[PDB]
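Enquirer: Just dropping this structure here.
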Amino acid sequence: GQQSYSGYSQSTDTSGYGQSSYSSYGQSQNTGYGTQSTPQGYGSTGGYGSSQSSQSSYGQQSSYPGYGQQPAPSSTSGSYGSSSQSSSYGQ
Amino acid sequence: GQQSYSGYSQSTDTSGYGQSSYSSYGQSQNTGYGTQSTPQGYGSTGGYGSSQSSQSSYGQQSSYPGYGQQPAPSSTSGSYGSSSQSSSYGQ
Amino acid sequence: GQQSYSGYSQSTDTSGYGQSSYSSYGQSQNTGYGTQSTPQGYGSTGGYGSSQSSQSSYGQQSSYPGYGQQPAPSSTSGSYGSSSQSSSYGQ
């Protein structure tokens, strides 16, 4: 008799007068006997994320965003962590 | 009889008057007898992240973002940690 | 009888009047008898991260972002740690 048991991951409890905050980005579980395949590319506040993959192929992949671009004077802001804080100015 | 048991990772409890904050980016588990494959490329606040892979392939992969780009005078901020704090000015 | 038991990694408790903060980037677990392969490339605040891989392949991989680029006078900031604090000016 076999067993795997990946249960209860990233859970959370609370009692009394407890406060909590939780933020998650991009979990991927695999249990038992199967196959899984998930590439990921993220980009934030002006960065570039990329990811490529191939299994038993013959083809041709090629990627090139943002080619020769020219945006204008901006003022951006972003907050991703839990209970964080962010700010942005310009003159 | 065999057994694996990777349960309860990245959990969280709380009692009394206790506070918490949690941030996760990019977890990936594998348990038992299967295969898994997850490339990842991230980018932030003006950086570049890249990742490639291949298994038994024959083709050609190619990547080149941001070619000759020219942005303009900006003012960017960003906070990703728990209870972080960020600021940004321009003159 | 065999056993692996990688449980409870990166957990957290709290009682009384306790405070806590937690940040995680890029964990990876492989328990039992399986295969796993996850390359990662990260970039931040004007850097470059890259990563490549291959298993039994025949092909050609080539990477070259940021080719000949010319951004403009910027003023960025970023806080990634727990209870960090960042700031940025320009004149």
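Residue names in the structure tokens use chain letters A, B, ... in the order shown, residue numbers from 1 in each chain, and ligand numbers from 1 in the order shown.
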Fit chain C to chain A, all Cα atoms paired in order, least squares. Then write it as a PDB file with C-alpha atoms, in the first residue's frame.
Expert:
```
ATOM      1  CA  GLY C   1      -0.032  -0.015  -0.054  1.00  0.00           C
ATOM      2  CA  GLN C   2       1.333   3.351  -1.156  1.00  0.00           C
ATOM      3  CA  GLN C   3       0.460   6.933  -0.280  1.00  0.00           C
ATOM      4  CA  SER C   4       1.316  10.498  -1.311  1.00  0.00           C
ATOM      5  CA  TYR C   5      -0.536  13.051   0.879  1.00  0.00           C
ATOM      6  CA  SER C   6       0.294  16.610  -0.156  1.00  0.00           C
ATOM      7  CA  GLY C   7      -2.666  18.061   1.764  1.00  0.00           C
ATOM      8  CA  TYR C   8      -3.240  21.389   3.539  1.00  0.00           C
ATOM      9  CA  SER C   9      -0.526  23.454   1.831  1.00  0.00           C
ATOM     10  CA  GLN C  10      -0.780  27.238   2.257  1.00  0.00           C
ATOM     11  CA  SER C  11      -3.652  26.974   4.732  1.00  0.00           C
ATOM     12  CA  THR C  12      -4.525  29.473   7.472  1.00  0.00           C
ATOM     13  CA  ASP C  13      -6.154  29.473  10.909  1.00  0.00           C
ATOM     14  CA  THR C  14      -7.219  32.251  13.265  1.00  0.00           C
ATOM     15  CA  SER C  15      -8.681  32.510  16.778  1.00  0.00           C
ATOM     16  CA  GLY C  16      -9.060  35.036  19.559  1.00  0.00           C
ATOM     17  CA  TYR C  17      -8.451  38.530  18.203  1.00  0.00           C
ATOM     18  CA  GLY C  18      -5.913  37.486  15.586  1.00  0.00           C
ATOM     19  CA  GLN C  19      -5.450  39.304  12.292  1.00  0.00           C
ATOM     20  CA  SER C  20      -3.853  37.885   9.168  1.00  0.00           C
ATOM     21  CA  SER C  21      -3.066  38.717   5.551  1.00  0.00           C
ATOM     22  CA  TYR C  22      -1.965  36.402   2.769  1.00  0.00           C
ATOM     23  CA  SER C  23      -0.868  36.768  -0.856  1.00  0.00           C
ATOM     24  CA  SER C  24       0.154  33.952  -3.212  1.00  0.00           C
ATOM     25  CA  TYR C  25       1.465  34.071  -6.805  1.00  0.00           C
ATOM     26  CA  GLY C  26       1.887  31.016  -8.981  1.00  0.00           C
ATOM     27  CA  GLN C  27       1.638  27.810  -6.958  1.00  0.00           C
ATOM     28  CA  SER C  28       1.815  24.423  -8.706  1.00  0.00           C
ATOM     29  CA  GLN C  29       1.174  20.948  -7.276  1.00  0.00           C
ATOM     30  CA  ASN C  30       1.609  17.509  -8.828  1.00  0.00           C
ATOM     31  CA  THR C  31       0.676  14.545  -6.633  1.00  0.00           C
ATOM     32  CA  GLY C  32       0.440  10.899  -7.538  1.00  0.00           C
ATOM     33  CA  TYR C  33       1.601   9.555 -10.893  1.00  0.00           C
ATOM     34  CA  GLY C  34       0.874  12.218 -13.533  1.00  0.00           C
ATOM     35  CA  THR C  35       2.795  14.633 -15.724  1.00  0.00           C
ATOM     36  CA  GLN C  36       2.591  18.426 -15.571  1.00  0.00           C
ATOM     37  CA  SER C  37       4.300  21.322 -17.364  1.00  0.00           C
ATOM     38  CA  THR C  38       3.494  25.008 -16.782  1.00  0.00           C
ATOM     39  CA  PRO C  39       5.887  27.745 -17.951  1.00  0.00           C
ATOM     40  CA  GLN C  40       5.294  31.258 -16.643  1.00  0.00           C
ATOM     41  CA  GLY C  41       6.404  34.733 -17.622  1.00  0.00           C
ATOM     42  CA  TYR C  42       5.535  37.796 -15.515  1.00  0.00           C
ATOM     43  CA  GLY C  43       6.157  41.490 -15.979  1.00  0.00           C
ATOM     44  CA  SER C  44       5.651  44.492 -13.712  1.00  0.00           C
ATOM     45  CA  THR C  45       6.202  48.253 -13.494  1.00  0.00           C
ATOM     46  CA  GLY C  46       8.197  48.387 -16.713  1.00  0.00           C
ATOM     47  CA  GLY C  47       9.997  45.038 -16.775  1.00  0.00           C
ATOM     48  CA  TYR C  48       9.924  42.081 -19.134  1.00  0.00           C
ATOM     49  CA  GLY C  49       9.389  38.437 -18.324  1.00  0.00           C
ATOM     50  CA  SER C  50       9.621  35.626 -20.869  1.00  0.00           C
ATOM     51  CA  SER C  51       9.673  31.854 -20.902  1.00  0.00           C
ATOM     52  CA  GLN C  52       9.816  29.200 -23.612  1.00  0.00           C
ATOM     53  CA  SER C  53       9.560  25.438 -23.698  1.00  0.00           C
ATOM     54  CA  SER C  54       9.625  22.464 -26.037  1.00  0.00           C
ATOM     55  CA  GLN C  55       9.201  18.686 -25.806  1.00  0.00           C
ATOM     56  CA  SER C  56      10.039  16.519 -28.842  1.00  0.00           C
ATOM     57  CA  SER C  57       9.398  19.413 -31.236  1.00  0.00           C
ATOM     58  CA  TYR C  58      10.920  20.433 -34.575  1.00  0.00           C
ATOM     59  CA  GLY C  59       9.783  24.014 -34.975  1.00  0.00           C
ATOM     60  CA  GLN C  60      11.018  27.533 -34.475  1.00  0.00           C
ATOM     61  CA  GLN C  61      10.111  29.875 -31.623  1.00  0.00           C
ATOM     62  CA  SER C  62      11.168  33.503 -31.558  1.00  0.00           C
ATOM     63  CA  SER C  63      10.087  36.330 -29.290  1.00  0.00           C
ATOM     64  CA  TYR C  64      10.764  40.042 -29.309  1.00  0.00           C
ATOM     65  CA  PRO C  65       8.262  42.467 -27.734  1.00  0.00           C
ATOM     66  CA  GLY C  66       8.825  46.156 -27.089  1.00  0.00           C
ATOM     67  CA  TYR C  67      10.775  46.580 -30.349  1.00  0.00           C
ATOM     68  CA  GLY C  68      12.089  50.135 -30.680  1.00  0.00           C
ATOM     69  CA  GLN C  69       9.443  51.520 -28.336  1.00  0.00           C
ATOM     70  CA  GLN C  70       9.358  55.063 -26.930  1.00  0.00           C
ATOM     71  CA  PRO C  71       6.921  55.767 -24.092  1.00  0.00           C
ATOM     72  CA  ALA C  72       6.495  59.252 -22.579  1.00  0.00           C
ATOM     73  CA  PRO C  73       7.178  60.782 -19.114  1.00  0.00           C
ATOM     74  CA  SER C  74       5.069  58.673 -16.756  1.00  0.00           C
ATOM     75  CA  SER C  75       4.493  58.336 -13.014  1.00  0.00           C
ATOM     76  CA  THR C  76       3.413  54.852 -11.953  1.00  0.00           C
ATOM     77  CA  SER C  77       3.108  52.919  -8.710  1.00  0.00           C
ATOM     78  CA  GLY C  78       2.211  49.486  -7.476  1.00  0.00           C
ATOM     79  CA  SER C  79       1.952  47.498  -4.260  1.00  0.00           C
ATOM     80  CA  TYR C  80       1.975  43.714  -4.387  1.00  0.00           C
ATOM     81  CA  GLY C  81       2.784  42.679  -0.814  1.00  0.00           C
ATOM     82  CA  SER C  82       0.610  42.107   2.211  1.00  0.00           C
ATOM     83  CA  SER C  83      -0.027  45.403   4.011  1.00  0.00           C
ATOM     84  CA  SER C  84       2.495  47.168   1.775  1.00  0.00           C
ATOM     85  CA  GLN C  85       2.397  50.861   0.897  1.00  0.00           C
ATOM     86  CA  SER C  86       3.623  52.627  -2.226  1.00  0.00           C
ATOM     87  CA  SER C  87       3.731  56.175  -3.539  1.00  0.00           C
ATOM     88  CA  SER C  88       4.987  58.074  -6.547  1.00  0.00           C
ATOM     89  CA  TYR C  89       5.455  61.701  -7.542  1.00  0.00           C
ATOM     90  CA  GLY C  90       6.553  63.774 -10.485  1.00  0.00           C
ATOM     91  CA  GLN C  91       7.698  67.344 -11.035  1.00  0.00           C
TER      92      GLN C  91
END
```
Enquirer: I need the residues in chain B that are strand (DSSP E or B) according to DSSP; give them as a list in words.
Expert: residues 22, 23, 24, 25, 29, 30, 31, 32, 35, 36, 37, 40, 41, 48, 49, 55, 60, 61, 62, 63 and 79 of chain B
Enquirer: Output C-alpha atoms for every residue in the selection just made, as an mmCIF file, in the first residue's frame.
Expert:
```cif
data_model
loop_
_atom_site.group_PDB
_atom_site.id
_atom_site.type_symbol
_atom_site.label_atom_id
_atom_site.label_comp_id
_atom_site.auth_asym_id
_atom_site.auth_seq_id
_atom_site.Cartn_x
_atom_site.Cartn_y
_atom_site.Cartn_z
ATOM 1 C CA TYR B 22 2.778 36.469 4.411
ATOM 2 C CA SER B 23 3.842 36.765 0.771
ATOM 3 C CA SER B 24 4.826 33.915 -1.555
ATOM 4 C CA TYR B 25 6.095 33.990 -5.160
ATOM 5 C CA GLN B 29 5.835 20.969 -5.276
ATOM 6 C CA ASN B 30 6.107 17.430 -6.619
ATOM 7 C CA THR B 31 5.270 14.322 -4.611
ATOM 8 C CA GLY B 32 4.959 10.636 -5.307
ATOM 9 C CA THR B 35 7.443 14.286 -13.424
ATOM 10 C CA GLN B 36 7.185 18.066 -13.428
ATOM 11 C CA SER B 37 8.642 20.899 -15.509
ATOM 12 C CA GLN B 40 9.969 30.800 -14.877
ATOM 13 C CA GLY B 41 11.135 34.257 -15.864
ATOM 14 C CA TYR B 48 14.661 41.597 -17.768
ATOM 15 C CA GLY B 49 14.131 37.972 -16.823
ATOM 16 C CA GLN B 55 13.802 18.017 -23.774
ATOM 17 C CA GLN B 60 15.811 26.561 -32.492
ATOM 18 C CA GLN B 61 14.756 28.890 -29.677
ATOM 19 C CA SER B 62 15.525 32.590 -29.870
ATOM 20 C CA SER B 63 14.752 35.590 -27.697
ATOM 21 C CA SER B 79 6.896 47.442 -2.969
#
```
